[PDB]
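Analysis of the macromolecular model
Listed below, chain by chain, are the residues.
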Amino acid sequence: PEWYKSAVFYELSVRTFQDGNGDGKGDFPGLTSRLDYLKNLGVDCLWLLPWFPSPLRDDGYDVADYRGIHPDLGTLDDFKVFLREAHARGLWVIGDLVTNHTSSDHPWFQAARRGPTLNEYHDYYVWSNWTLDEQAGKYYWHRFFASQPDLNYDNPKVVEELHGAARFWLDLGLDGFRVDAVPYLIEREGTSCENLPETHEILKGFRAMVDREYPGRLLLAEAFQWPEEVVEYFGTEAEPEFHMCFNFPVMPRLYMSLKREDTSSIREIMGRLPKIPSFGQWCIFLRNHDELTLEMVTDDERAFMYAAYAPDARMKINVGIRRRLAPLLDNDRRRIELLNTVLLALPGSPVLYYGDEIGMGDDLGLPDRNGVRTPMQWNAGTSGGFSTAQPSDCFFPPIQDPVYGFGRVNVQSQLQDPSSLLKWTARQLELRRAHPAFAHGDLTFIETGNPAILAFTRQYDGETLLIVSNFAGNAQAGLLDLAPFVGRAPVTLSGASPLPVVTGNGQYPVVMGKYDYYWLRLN
Amino acid sequence: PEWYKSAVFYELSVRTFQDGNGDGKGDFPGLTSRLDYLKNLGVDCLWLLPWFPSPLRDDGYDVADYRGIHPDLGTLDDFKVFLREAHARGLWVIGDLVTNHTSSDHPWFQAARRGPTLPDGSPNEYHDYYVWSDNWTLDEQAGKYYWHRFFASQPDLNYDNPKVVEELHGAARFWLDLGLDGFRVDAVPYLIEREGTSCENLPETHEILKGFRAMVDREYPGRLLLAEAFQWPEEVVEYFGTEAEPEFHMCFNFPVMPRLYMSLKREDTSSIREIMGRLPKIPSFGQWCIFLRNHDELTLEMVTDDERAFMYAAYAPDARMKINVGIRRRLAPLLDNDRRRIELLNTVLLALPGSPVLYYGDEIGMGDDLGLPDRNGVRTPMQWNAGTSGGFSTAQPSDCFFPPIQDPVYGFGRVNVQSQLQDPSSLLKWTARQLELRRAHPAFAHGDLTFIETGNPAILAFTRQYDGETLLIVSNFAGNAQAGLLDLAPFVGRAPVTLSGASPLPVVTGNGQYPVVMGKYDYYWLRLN
Ligand SMILES: [Ca+2]
Ligand SMILES: [Mg+2]
Ligand SMILES: [Mg+2]
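It is worth spelling out the packing of aromatic side chains at this point. Residue and element names in this part refer to chain B. As enumerated under the stated definition, the model contains 78 aromatic pairs over all chains in all. Their ring planes at 45 degrees and their centres at 6.4 Å tell us that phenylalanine 52 and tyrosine 66 sit as a pair that is tilted. Highlighted residues: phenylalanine 52 in the loop between β2 (45-48) and α4 (76-88) and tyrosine 66 in the loop between β2 and α4, separated in sequence by 14 residues. Look at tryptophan 132 and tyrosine 146: their rings are 6.2 Å apart centre to centre, the planes differ by 80 degrees, and that puts the pair in the edge-to-face class.

In structure tokens form, the structure reads like this:
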């Protein structure tokens, strides 16, 4: 019933998507001009990166106004037109609500740093991972960066200031937030300072507030933890909290399984997913604005990944690999389609990262995770059509290498190419939309004779989908245990071509080509 | 065995491959400068299109000198060095030998046009080089009709004159002595003409060809004579001659080609194994020559009228796309630029019995330019890089013999050699690697061909056997997953294994009916162990 359960999401950064005014930086007007593209792509909801005023010491997650638009993205009017036009086209939109902290440049903090009195803004933050404030002559607490002062959530004027910020955007029409850094909200003495029941209480209320005043809207938990730990942040039926949390550990295991030609680890994570509230939905993805993280893997698995996908030391950062999906898969369209299909056929709402629909590469010449944040590539024009501004003058430079450059990889080409990745992606999303079991159906892995072949069913409302996916780079054989479905014919979702009916014991033999995916219905 | 049997051929036009001097026209120096690319690609023999002096009224098949290089392609020296450099790299080269006629600009004919007698008195030996009388065009000079099968500027040579049969031998020898490895011999069915006869395949031409073949066997062993002769296989086999009296080493298997495309649209591979299965037997020395595309339109001459209409509807939706009795489009556009279909037809071409000819540019996925008149849209310049004219010339695009393609889909900015050399998954590297697989397995080149029963016409399956190697090749022609039950009864106890990773599949058992599923357009290349 709820929209976010069946939504395909699409993550972009306004600053990097389309420059509307020639200054080299993406902006809302420019984004507005590309809404038809996003519409026709088949995406349902745009998740925009932080659009708020900031000195950008932590990519604008250090917020210095919660009710503003960063000046070089346009104005609050631009934002309103963007949302009107987005909605006119059947698109939901969400943003990033940074709950735990602000930038040091927030008025609140500039007021707070002036002793206890001259001052109601002193007790918004936590005073005496502590830094000496020159002005106030005290230490302040910061969970994350010295320039990111953690908020005092024990002061309930702050809990209102949060609720207020949320309303500001929800009033304007915004369909949800991805809610950041929520585990670190309250802090006790001699304890974890994460996942504390008091912090959960605030979220339960925050939820119950939007449930009441703004039904339909979406709260999505950015909270980097295993499923078995974030289930907490869904709350309960009686006390709901977040509608959606991410399922992180699938992600690296898709890549790992491709290179191991062994899909065991996918089953291990997916099949052992905990139960969730009836209103809840998992959120999954292949790539995003950060590196491909390897935190939720063994050390030996992490070492395998590095050998497999980061041959160049430059490719490593933090605890992961800072490369785009296409370069990771050696620009192999077969592997690109494969993982995308598997992503789309698993339970959860998938998030697609801007540019991956057309096969974008990365720029390791750029510091610190910026190589996967280059400008979108629209045509073979001057800066990939991203700006009339020359490449040197764009926020990040548009990619021009012989393989992934905008002269070869761009939206216009793939709009005109009958067999482009772009059009493929759009069709596949359409296929997914035509079958509710993808979004709401259950998940049952099935026996293949072969770890390289992953097979599973998705069941809902008397529809049964059979998804078979070869993770090997050559022909594989399987014996699918389809005993439950004897007397049924697996039929091709694309084109309704029927396969042999399951008979006898229902051990169904198959061969598959390299990286093939079979999207089948059972009836 | 002989080299031509296991050879992969590569058809190029010197005038459009590489410009070496900035004039906007391809040439030998330019061609010579790209030999490494061709060597590394994994092709064996280059077939160069007509390179002779000519007024180009018939794309250079109207020859005006058999012992010359066309002035805007270089000099005869350029040619010799090209050939030396080609051989040093392990490449065989062949050229077109147009036997049946010359251009009207050929001095032989400019001499013959002066009647049987010269003005000083001398007897005009050159007059009896061509066929005169009283398809016939009147000459304002000689005051007589001359026989021409093809164009009024393509006067048929008179092959009853034994001086002419020598001129042919002479022309052949000139090139052979320079070291040329063979000819595609053009328009040979139409050599000799009689009364109340077809004027085609007359056993007198076969005499000249047996002679011509005897000449080359004796004086130049190893060289290749390939018959350009546009006929059905049962009818061309004549041109191989017999074991005792040979003629051509190779003939073209024309009908497979349109059927490959047709079967893909129909998702029915019947016509393929019909034609491939009812092929006539050929001499020990003989070999079939097979291909997907070439310098011409995709001809639909050797199919039924209904089959032709079907092909036009499927593959020439726009009327621009039609010409003569075919479709003037490149392979990649034909297949909607779908890499899966491109790889598939190529795999099948490479896996069938015959020596495959590959058309230049297809290895990178080049498109066509239908705004160019008359077949010129599939003869656009090779695309080397994203430089000024695809790297084909420093001359700007509009100054090139034909303009390099620049559309968003197939333009040289997106489709070019340099990009695909750096792309781990490019069509170029795919093509290179796939030839390596074919090279590594002699059953492809030399083995026999047995079709296998699948329960499903969309799944084409066959074996190739030679020297105790047995290859199973399974190919889905459908746009989606397809099931088959392969009759592998003979190979019970054998496990089919992957040519690529040496991945073994389930061992064949019982009755040997082997079930399979295939993805859209998949191809399985297997060894039976
Ligand atoms: Ca003749
Ligand atoms: Mg701007
Ligand atoms: Mg030149």
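After that view, the rundown keeps rolling.
Further remarks concern the interface of chain A and chain B. On the chain B side, the residues contacting the 35 residues of chain A number 33 residues. In total, chain A and chain B occlude about 2900 Å² of area from one another, counting both sides; carbon and sulfur atoms represent 51% of this. Of all residues in chain A, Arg334, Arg408 and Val511 of chain A give up the largest surface area on contact with chain B, accounting jointly for 21% of the area buried on that side. Run the count over chain A and chain B and you get 5 salt bridges. With a shortest N-O distance of 3.0 Å, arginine 414 of chain B and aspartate 417 of chain A are connected by a salt bridge. Secondary-structure elements contributing two or more residues to the side of chain A that touches chain B are α13 (333-345), α14 (411-416), β17 (476-481), β19 (507-512) and β20 (517-522) of chain A. Looking at the side of chain A that touches chain B residue by residue, the classes come out as 13 nonpolar, 14 polar and 8 charged.

With that settled, consider the sheet that holds strand β16 (residues 459-466) of chain B. Residues and elements named next belong to chain B. Spatial ordering of the open sheet is given by β15-β16-β17-β21-β19, a layout of 5 strands whose pairing is antiparallel. Lying at the two open borders of the sheet, with one neighbouring strand each, are β15 (448-451) and β19 (496-498). Taking the axes of each pair of neighbouring strands and ignoring which way they run, one obtains an average angle of 30 degrees across the sheet.

Moving on to the coordination of the calcium ion (ligand 1). Residues and elements named next belong to chain B. Taken together, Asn100 (OD1), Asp156 (OD), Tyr190 (O), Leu191 (O) and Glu193 (OE) make up the protein donors of the calcium ion (ligand 1), found 2.4 to 2.8 Å from the metal. The buried category is assigned to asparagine 100, whose relative accessible area is 0%. The exposure class assigned to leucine 191 is buried, which follows from its relative accessible area of 1%.

All names here are of chain A. Here the UniProt-annotated "binding site: Mg(2+)" (unreviewed entry) positions come out as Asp19, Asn21, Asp23, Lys25 and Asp27. Within the element layout of this structure, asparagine 21 appears in the loop between α1 (14-17) and α2 (28-33). Take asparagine 21: its relative accessible area is 53%, and that puts it in the exposed class. Here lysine 25 is to be found in the loop between α1 and α2. If near-sequence neighbours (up to four positions away) are discounted, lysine 25 is found in contact with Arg15, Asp19, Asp72 and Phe386.

Before going further, it helps to examine the UniProt feature "binding site: Ca(2+)" (unreviewed entry) in chain A. Residue and element names in this part refer to chain A. UniProt feature "binding site: Ca(2+)" (unreviewed entry): in the numbering of this structure it lies at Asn100, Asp150, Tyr184, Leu185 and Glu187. Checked against the element boundaries, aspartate 150 lands in the loop between β5 (139-141) and α6 (156-172). Its relative accessible area of 0% is what places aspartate 150 among the buried residues. Ignoring anything within four residues of it in the chain, the contact list for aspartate 150 reads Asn100, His101, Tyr125, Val126, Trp141, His142, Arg143, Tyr184 and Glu187. Locating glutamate 187 in the fold gives a position in the loop between β6 (176-180) and α7 (197-213). Residue class for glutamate 187 comes out buried when judged on its relative accessible area of 15%. When sequence neighbours within four positions are dropped, the list of residues in contact with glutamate 187 reads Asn100, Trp141, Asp150, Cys193 and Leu196.

A few words now on the coordination of the magnesium ion (ligand 2). Residue and element names in this part refer to chain A. Summarising the metal site, the magnesium ion (ligand 2) is bound by the protein donors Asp19 (OD), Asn21 (OD1), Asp23 (OD), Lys25 (O) and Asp27 (OD), whose distances to it range over 2.2 to 2.5 Å. All donors of the magnesium ion (ligand 2) belong to a single chain; written as a sequence motif, their spacing is D-x1-N-x1-D-x1-K-x1-D. Judged by its relative accessible area of 6%, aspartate 19 is buried.

Attention now goes to the UniProt feature "binding site: Mg(2+)" (unreviewed entry) in chain B. All names here are of chain B. UniProt annotation of "binding site: Mg(2+)" (unreviewed entry) refers to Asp19, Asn21, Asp23, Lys25 and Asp27 when read in the numbering used here. Once residues within four sequence positions are removed from consideration, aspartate 19 is found in contact with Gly24, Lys25, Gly26, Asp27, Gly30, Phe392 and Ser393. Within the structure, the side chain of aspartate 19 is placed 3.2 Å from the backbone nitrogen of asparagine 21, a separation counted as a polar contact. Ignoring anything within four residues of it in the chain, the contact list for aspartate 23 reads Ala395 and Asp399.

Residues and elements named next belong to chain B. Locating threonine 470 in the fold gives a position in strand β17 (residues 469-476). Within the local environment of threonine 470, its side chain forms a polar contact with the side chain of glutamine 465, the two groups lying 3.4 Å apart. Setting aside residues no more than four positions away along its own chain, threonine 470 makes contact with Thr463, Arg464, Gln465, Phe491, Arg494, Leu526, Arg527 and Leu528.

Cut-offs applied
Residues numbered from 1 in each chain as written, not as in the entry; some residues may be left out. Chains lettered and ligands numbered in written order. Heavy atoms only, no water. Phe/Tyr/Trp six-rings, centres within 6.5 Å; stacked < 30°, edge-to-face > 60°. Helix = DSSP H or I, 4+ residues; strand = E, 2+ residues; numbered from the N terminus. Contact = heavy atoms within 4.5 Å. Buried area = accessible area lost by both parts, 1.4 Å probe. Salt bridge = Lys/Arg side-chain N within 4 Å of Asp/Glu carboxyl O. Nonpolar A, V, L, I, M, F, W, Y, C, P; charged D, E, K, R; others polar. Pairing = 2+ DSSP bridges. Axes fitted to C-alpha atoms, helices over the stretch in contact; angles between N-to-C directions. Donors = N, O, S within 2.8 Å, 3.2 Å for Na, K, Ca; no water. Buried < 20%, exposed > 50% of the residue type's maximum accessible area, 1.4 Å probe, protein only. UniProt positions renumbered as here; feature names shortened; annotations may be inferred. Polar contact = N/O pair within 3.5 Å; in protein donor to acceptor, adjacent residues only side chain to side chain.

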